[PDB]
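Down below is the structure, laid out as structure tokens.
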Amino acid sequence: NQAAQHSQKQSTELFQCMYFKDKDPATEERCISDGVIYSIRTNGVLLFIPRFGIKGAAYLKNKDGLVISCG
RNA sequence: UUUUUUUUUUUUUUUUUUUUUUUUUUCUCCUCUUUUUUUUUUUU
């Protein structure tokens, strides 16, 4: 059963990974999401998507230390 | 008015046999980063 669990998990993960495949995410209106947080880490705060349901740790600090501002 | 003679196509056939796919080289080798590892639950 635990193996089955992992199977559903990574199967749906792979199915989601192709939703974000090569088909150009630049002019088809399937690009912008929203975001809330739930936990802070020392380089990027954990993000969440209420409209799809995906998680993942992002980064504010980038490789070249070029930290973010906004216009 | 121009007679007579000068051989030709090698002889032979009534011999035994108890093996066996292939075949014979090439060295040690830096796997990058949010994690502990999540977990009940119900509709297949």
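Under the working numbering, the first residue of the first sequence is numbered 46, with each subsequent residue one higher.
By construction, the Cβ of each residue, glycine as well, lies at the ideal position given by its N, Cα and C atoms.
As computed with DSSP, residue 82 is found in a beta bridge with 92. Rounded to whole angstroms, residue 113 and residue 74 show a C-alpha spacing of 26 Å. Taking the Cα positions, residue 104 is about 21 Å away from residue 97.
The alpha carbon of residue 110 has as its nearest neighbour, out of 77, 88 and 60, the alpha carbon of 88. Cβ contact annotation for residue 80 (same chain, cutoff 8 Å, sequence separation greater than five): 92, 93 and 94, in chain order.
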